[PDB]
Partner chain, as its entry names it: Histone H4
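Coming up is one lone chain in structure tokens, specifically the form solved without its partner chain.
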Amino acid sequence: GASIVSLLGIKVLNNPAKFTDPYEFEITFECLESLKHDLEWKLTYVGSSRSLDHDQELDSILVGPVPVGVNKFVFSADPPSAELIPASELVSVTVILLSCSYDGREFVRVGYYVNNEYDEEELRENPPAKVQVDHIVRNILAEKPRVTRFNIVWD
């Protein structure tokens, strides 16, 4: 049948923000019938393939047992370790992926580009090799999400 769960709404909260501030999304979804499993929402920091920071699962939350109908919650996750961020992640945009899975099967993914920019000109012109995370302003490009749905088996 149709997907048991549909994504109805997503709001990126507290954006822009310090690099060290939690990511926060207010999510509205609906669930059409009772499910055996909870939903697993997770946020993945895609990072940079050249470094040791890539494809990090920041946090997950088990949501359920989900009452049939419209549901709303806030997904929060702390940012990845400042210790692993390479200087290139200021230069080029990075990606964060908010996804939901059911019994390990991903059925919806929302991707966002994230522009990290130093908050003073000298840093922007002459960025230090030791990434000064405390001077990064994180801007999630919230008006250009990439939403992908996957057809999964439910129960």
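Rigid core (definition): largest C-alpha set, two forms, superposition within 1.5 Å. Numbering follows the first chain given and starts at 1.
What comes next is about the form solved in complex with its partner chain, which is not displayed.
Undergrad: I'd like to know whether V133 contacts its partner chain in the deposited complex, with contact meaning heavy atoms within 4.5 angstroms.
TA: Result no; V133 lies far from its partner chain in the deposited complex.
Undergrad: In the deposited complex, does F150 have a heavy atom within 4.5 Å of its partner chain?
TA: Yes, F150 is a contact residue.
Undergrad: With heavy atoms only and a cut-off of 4.5 Å, decide whether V110 touches its partner chain in the deposited complex.
TA: Contact with its partner chain, yes.
Undergrad: May I ask you to list the residues of 67 to 105 that have any heavy atom within 4.5 angstroms of its partner chain in the deposited complex, in sequence order?
TA: Read in sequence order, no residue approaches its partner chain (within 4.5 Å, in the deposited complex).
Undergrad: Once you align the rigid core, which of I61, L32, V95, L52 turns out to move its Cα at least 2 Å between this form and the one not shown?
TA: After core superposition, the single residue displaced by 2 Å or more is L52.
Undergrad: Closer or farther: how do the Cα atoms of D53 and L58 compare in the deposited complex versus the shown form, where the change is at least 3 Å?
TA: Their C-alpha distance grows by at least 3 Å in the deposited complex.
Undergrad: Having a change of 3 Å or more in the C-alpha distance between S51 and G111, I'd like to know whether it is closer or farther in the deposited complex than in the form here.
TA: Closer: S51 and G111 approach by 3 Å or more in the deposited complex.
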